[PDB]
Amino acid sequence: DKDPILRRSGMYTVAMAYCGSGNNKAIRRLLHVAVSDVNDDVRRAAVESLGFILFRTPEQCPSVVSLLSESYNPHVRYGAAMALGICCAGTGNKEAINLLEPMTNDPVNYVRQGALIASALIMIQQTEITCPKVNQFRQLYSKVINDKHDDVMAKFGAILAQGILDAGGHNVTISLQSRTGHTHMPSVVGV
Amino acid sequence: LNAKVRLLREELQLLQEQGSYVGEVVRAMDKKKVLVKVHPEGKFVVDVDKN
Amino acid sequence: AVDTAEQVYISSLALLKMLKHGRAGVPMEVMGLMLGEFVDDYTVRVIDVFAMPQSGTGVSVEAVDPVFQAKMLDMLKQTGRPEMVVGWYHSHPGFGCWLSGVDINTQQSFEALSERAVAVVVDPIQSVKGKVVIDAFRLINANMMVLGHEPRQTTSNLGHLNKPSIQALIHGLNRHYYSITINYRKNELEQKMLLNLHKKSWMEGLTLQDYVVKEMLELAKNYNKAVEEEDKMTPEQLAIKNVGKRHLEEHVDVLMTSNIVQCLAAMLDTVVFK
Amino acid sequence: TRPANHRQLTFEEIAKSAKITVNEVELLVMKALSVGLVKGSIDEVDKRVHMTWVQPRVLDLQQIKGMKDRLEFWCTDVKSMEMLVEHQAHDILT
Amino acid sequence: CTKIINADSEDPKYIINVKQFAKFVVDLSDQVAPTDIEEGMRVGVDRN
Amino acid sequence: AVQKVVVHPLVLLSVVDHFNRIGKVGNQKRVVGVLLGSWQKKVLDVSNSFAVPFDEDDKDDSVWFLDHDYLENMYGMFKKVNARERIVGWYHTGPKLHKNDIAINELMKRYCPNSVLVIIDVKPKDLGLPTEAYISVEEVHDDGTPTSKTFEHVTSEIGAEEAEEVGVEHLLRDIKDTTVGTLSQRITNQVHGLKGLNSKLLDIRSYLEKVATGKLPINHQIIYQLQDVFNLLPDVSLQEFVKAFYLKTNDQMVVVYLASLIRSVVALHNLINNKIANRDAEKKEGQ
Amino acid sequence: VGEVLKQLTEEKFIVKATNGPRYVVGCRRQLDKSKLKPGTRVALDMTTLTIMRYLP
Amino acid sequence: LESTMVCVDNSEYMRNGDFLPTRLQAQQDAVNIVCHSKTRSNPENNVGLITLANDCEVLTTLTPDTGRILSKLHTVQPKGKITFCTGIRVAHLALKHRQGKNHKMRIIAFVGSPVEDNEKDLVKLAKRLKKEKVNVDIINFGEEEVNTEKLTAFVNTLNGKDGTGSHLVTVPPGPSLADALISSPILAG
Amino acid sequence: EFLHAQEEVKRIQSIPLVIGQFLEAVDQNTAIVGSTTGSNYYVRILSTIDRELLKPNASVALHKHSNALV
Amino acid sequence: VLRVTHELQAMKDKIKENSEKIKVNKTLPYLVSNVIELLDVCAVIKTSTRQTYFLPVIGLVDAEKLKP
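Residue numbers (the entry's author numbering), protein chains in the order written: chain U, 573 to 763; chain C, 52 to 102; chain c, 24 to 234, 244 to 277, 282 to 310; chain a, 283 to 376; chain A, 98 to 145; chain Z, 5 to 291; chain E, 57 to 112; chain b, 3 to 191; chain D, 71 to 140; chain F, 59 to 99, 121 to 147.
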């Protein structure tokens, strides 16, 4: 379809249909779309879909997202950060945070809130011993909600990041796969 | 490498911003203010940045 | 009763008319009115624009001629579908885009007339395809300043709106104003027609005379051979130098392409003809 | 009537076309070709024409030279070369 | 501030020059009595 | 007269916009409107134009209307906003030039002594240009054609302005030499072998179509005169072009020899440079 | 109004307006550079700075 | 509110100046007085016309002013034979294309030359107009289809049909005085 | 996209410029230049321009808006 | 009778042209000055700001009474 928004709808449909699988055809089509389509919105939707469809194999998600982490297009980087956050879910690969940290200083505010939200989603439920970095971001979050010179839209993600990290009294949790392996439709829809 | 090259070319966009004038500081007072005389036009008083 | 991160769609015809009209009367500071259309508070579109007649007054409200606009609207209703006049455009050639007292008065008058009365500012500052100095402004009343300026309910579009940020002179006069997001209206038939236009018209793609090409080629290759031979000294010295804690010259892609095309011309020479 | 190959015509061709002797062909071809209206080539070794350009009149019959005889059929060769090059270079063509 | 250098009947059409920039053919401001405007004395004109 | 015609993009945009506007009803199949320009030289230079109401009825292609009042009013408004402008002709859609055109042109002849007709295409396919410019003339033919009257084609171009390609071309553009000789030659051969072939086979069918439908196989000296100049080269047998032997063969051979010599030089230089950017720089074990 | 201070290039030349500022401009369509030797009165538009009718 | 499109004749037959000093002048003053009556009826009533002489090009639009009507009424130069069907179809398309379609529709015709004998063609052409309930009256001055009577039934076929009815005026024999010619159209449409 | 950026940079300097005298160089990509209007501006220089030619006072054209050395 | 129509038409173009023509004088940048000289296919004006401008259009008023 010619309309960019219809293309975004198609990419989301691709993601949802192939949820929780590594269908090579889906990955190829999605990556080609992200590379080519001029409309940055379509590219961002595509990379989000890529993050969605490869959550059952989180270890590989950072590898692909790495190159996207450093691109000319800010929207590409923002969508890459979100894709990493959704793919790794709550388990900390120790590389997701590793890549996010430098990404957590991008000049563009859009990328700023993207990285904040991604880190908050990833680090949920974690602990200091389990992930040594949890303190930093925590402190980081505080400072970004304390400094005034920061962009208001940039900080708008920091508060949500804090809330997610400590959401539900450190009891609730995000997980798209049931212990029996059945994929959690509610989690997918929510994300 | 060539993403870096593209980024450098993009950052060359700063050339769009017009340059600043040149003025010899006649005298700088306290409270973050200085009276300066730009060459084309008479002197005036300006506020200083944070750098 | 609340503002947001709204959008204005501009038809390619509209922007082309605006820029050509502006360039027409750059010294005179020309102005005119558009014929826009309402869809929702979030979005509003514009398709057609006419030129209000030149007047020595300038951008004064009196410059609008009720008989002229009435006649133009009637004629358009007769032929094609017109639409209510969204607002006014003018060219501020001084530097970039901003507004003045007269401009704000005119905008306030139109806002009394209608809802948006969006203002458009253009300038002679242009690039071949890389300036689009055009911009859209809208005023804010001083009664609700206690209330939030522009109630925002979307991060992506608000951030995109801020990405242009505000111009030096814009801050110099940003108050009583809040720029509104602009975007080129969807364009497929016009886009396709233009794309066909480029190949044959806006650049050499006649495709029948598309193929000196053997007269000056010898000389161009002579120059480049000599230049590369000279440039070969610098890599020589660079290699000569030891570890010690301008070799990059390329100049070979150009020769590659030029002479490979010239050789390929044999395909036309020996088969396509005769 | 006939370009290339037979376009090169022996002097006796001009002799027959001008009811003049072979030697008179040699002696008269000068003036005959003098005319001052058609420019081209002629090969006095045999007075072979293979002339370059002429100003022709109406073409006889339904444009015999017009159809595949001279034109048209070469469009087939053009198409063949085009498809060949396209298939060969498809990779770079993109 | 400007200096008046002439006046004309019918429409006053003064030929005032401001300081040295240029002579301007400017009409009297709406809220001024024509009697006050005269020749060769200081007066005040706004730019626009 | 009017050897060349140049159309500014604004004109095409306006035409297509009005066509889409009237698309509500497709019966018209035409956009008849007044087209304005300037006589900068013997070349016309078209500029802003507009569409006036009209009708193109199939009933003998003679039911046509050009509201004089609307035409005059639009003329006056445009001149008031743009004095330098003035009528230069009229334009219509429906690529197949409906037979009414002649009659309509006569009306324009009154408004402008030499008014040209431009036919624009809403949907461009490839090659050439969406526009086509025709001028109505009357005379007496040397051959003997009764009334020697018909529209004559006049070449066309596209105009120039500032800051317009940003509207579209910012989306896509490939200005460079990578495709030169990669795509340019391909499009060239394709367009030739398609359009020239189509014209030649149309004339091939015409050789008897002149008797069936077309004018006449021995008809319009321009037709067969142009065919003959085309066959300025024999196109068969020796062809006296590529069989010239010591004349053409040797020339091509020297040219290709030089091109291949520089090719070898550049290949060797690229080899050395890429090796140095290679191992010299890549063979860093760094303990 | 200004004068052709020098012929920088066949496409662009250095000129100076009577006011004093010096710019680089170019022929519009055909300004006959053969006759626009260094020093030639020409009037330039104050929107693009292009060479127009030349009058000595 | 009425809008009318008249179909005058300017033919070599009209080159004759028989009726009054000039048959052309007879058509002229007939059109003039009918326009005056129309203006009196309603100031914004629109009047336009064309000549069916070798062509039916609308001479101009339907303006609500008499001065244009008379001004254009001059400069006739009658040289072309009549074409009634094209004239009437052009008048109908002008009436429909007219912006003021609310204005009552009417068409006049100042024909002055022999007409197409075929009555089937005219009947088919104008009975459709009757279906779309259009009013048309035809006036004949000069050397026309001699004292046309076959059109009379055709008149009922285009205007009438136990309905309104639009009278048709042929050429009276010999000289014809304008006032007599024009007493009819006002008397009956 | 890289090629597009390169050609855009090249075009940046093609627009009609304003002559003026460069005053001195502060640091790479930056300098002080005096215009024919007499005012002295603090501007930037493109990476393309080459230093030794810039160092002498000489003459230089500036962007009529950015004033950047070209 | 069409004569009076054209002459009544004259109260048409003149009124609009007058309004515009009576603005340059009033406007501040009027810079009423001396015409440097006159030419033909045109005016040359030294504005009172010490600037020389060339006008292709010699001027709205007819050029006969434009004394150098």
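Ideal Cβ placement from N, Cα and C applies to all residues, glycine included.
Asked	Found
Proximal residues to c:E260 (C-beta, below 6 Å), its chain only, five neighbours per side dropped	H287
Three-state class that DSSP yields for c:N219 in the structure shown	helix
Touching by the beta-carbon criterion (3+ pairs, under 8 Å), the segment 88 to 102 of chain Z and the segment 38 to 56 of chain Z	yes
Interface partners of c:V290 on chain a, CB under 8 Å	By Cβ distance, chain a contributes nothing, its closest Cβ being about 18 Å from c:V290, past 8 Å.
Where Z:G93 falls: helix, strand or coil (DSSP)	strand
Where the alpha helix (DSSP H) containing b:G69 begins and where it ends	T68 to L75
Residues of the segment 94 to 116 of chain D whose Cβ lies closer than 7 Å to any Cβ of chain E, in chain order	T106 and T107
U:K727 - DSSP class collapsed to helix/strand/coil	helix
Nearest-angstrom Cα separation, counted from E:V98 out to E:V81	11 Å
Reference C:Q64; option with closest CA among D:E122, D:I115, D:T106 and D:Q98	D:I115
Cβ-based contacts, 8 Å cut-off: residues of the segment 87 to 98 of chain Z near chain a	none
Contacts of c:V297 in chain a (Cβ-Cβ under 8 Å)	What c:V297 touches in chain a: nothing, since even the nearest Cβ is about 13 Å away.
D:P86 and E:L61 closer than 7 Å at C-beta	no
Straight-line Cα distance separating E:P112 from E:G95	10 Å
Exposure of Z:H157, with buried meaning 16 or more beta-carbon neighbours within 10 Å	exposed
Spatial distance of b:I84 from Z:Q32 (CA atoms)	28 Å
For c:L181 and residue 236 of chain c, the rounded distance between their alpha carbons	Note on chain c: consecutive modelled numbers read 234 then 244, so residue 236 of chain c has no coordinates in the structure shown.
Extent of the continuous alpha helix (DSSP H) to which Z:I227 belongs	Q225 to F234
Z:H72 at chain b interface by Cβ criterion, 7 Å	yes
Chain-order list of residues whose beta-carbon lies under 8 Å from that of Z:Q256 (same chain, five-residue window excluded)	none
7 Å Cβ cut-off: residues of chain E touching F:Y132	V57
Test: U:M675 CB closer than 7 Å to a CB of chain c	no
Close Cβ partners of b:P116 (< 7 Å) along its chain, the five nearest in sequence each way excluded	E146 and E147
Beta-carbon proximity check, U:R580 vs U:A617, cutoff 7 Å	yes
Member of D:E78, D:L73, D:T100 and D:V96 whose CA lies at the smallest distance from the CA of D:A138	D:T100
Pairwise C-alpha distance: F:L66 and b:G89	35 Å
Given U:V586 as reference, the closest of U:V744, U:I736, U:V619 and U:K666 once Cα atoms are compared	U:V619
Range of the contiguous alpha helix (DSSP H) that encloses c:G124	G124 to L136
Residue interval of the alpha helix (DSSP H) (run including Z:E136)	First-last for Z:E136: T135 to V141, but that is the beta strand (DSSP E), not the alpha helix (DSSP H).
Reduced DSSP secondary structure (H/G/I, E/B, other) of Z:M81	helix
Contacts around c:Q176, its chain only, beta-carbon distance under 7 Å, and the 5 residues preceding and following it disregarded	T27
Buried or exposed by the 16-neighbour rule on C-beta atoms within 10 Å, applied to Z:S119	buried
Closest by C-alpha distance to D:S129, when choosing among D:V113, D:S117, D:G90 and D:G108	D:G90
A:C98, buried or exposed, once every other Cβ within 10 Å from all chains shown has been counted against 16	exposed
Under 9 Å by beta carbon: chain Z residues contacting D:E71	Simply none; closest approach about 11 Å.
Meets three-Cβ-pair contact criterion under 8 Å: the segment 342 to 357 of chain a and the segment 102 to 112 of chain A	no
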